[PDB]
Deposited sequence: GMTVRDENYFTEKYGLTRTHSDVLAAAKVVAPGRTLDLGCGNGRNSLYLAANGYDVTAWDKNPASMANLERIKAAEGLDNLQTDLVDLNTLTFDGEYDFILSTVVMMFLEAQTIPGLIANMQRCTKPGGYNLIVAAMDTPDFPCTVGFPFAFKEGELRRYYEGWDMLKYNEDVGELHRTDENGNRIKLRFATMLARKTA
């Protein structure tokens, strides 16, 4: 009968790279809610979240990839998954989200984009909301030791790892104060 639409369901059915392990772990602590996948890539994370109760908005560049996600979305009947084409280097957005995630996307953005993009994620997060960031540390951009954490001064620093994953990645789960 039941085949639950978890990370293994999506890899078996569509053959995309597996849902990020930090998105899987975050989902155990972040209650389903209004979620922005900011730089959704192939939609691996957006598909998982939308199939598991989150109301997802998935944005990235690449018209082909976004159309591919939209086609899988339609096959999976995920009416709670909205997709749009964006350029993260020029995007300014509005909105109020329970959860914003950015996983392995910033390293491909211009270094000058990052401060404004993080400011934008922060102001569009509801009080008590969560931001998840997974990002390379030290081609066009990489965070320096402690930098991701400094951007999030004043938020509850729930989880923050700077560990190998051949590149070091900073993984952060922060919650906005209420």
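- Going by the record, the unmodelled stretches of the deposited sequence, in order, are 139-147, 175-186.
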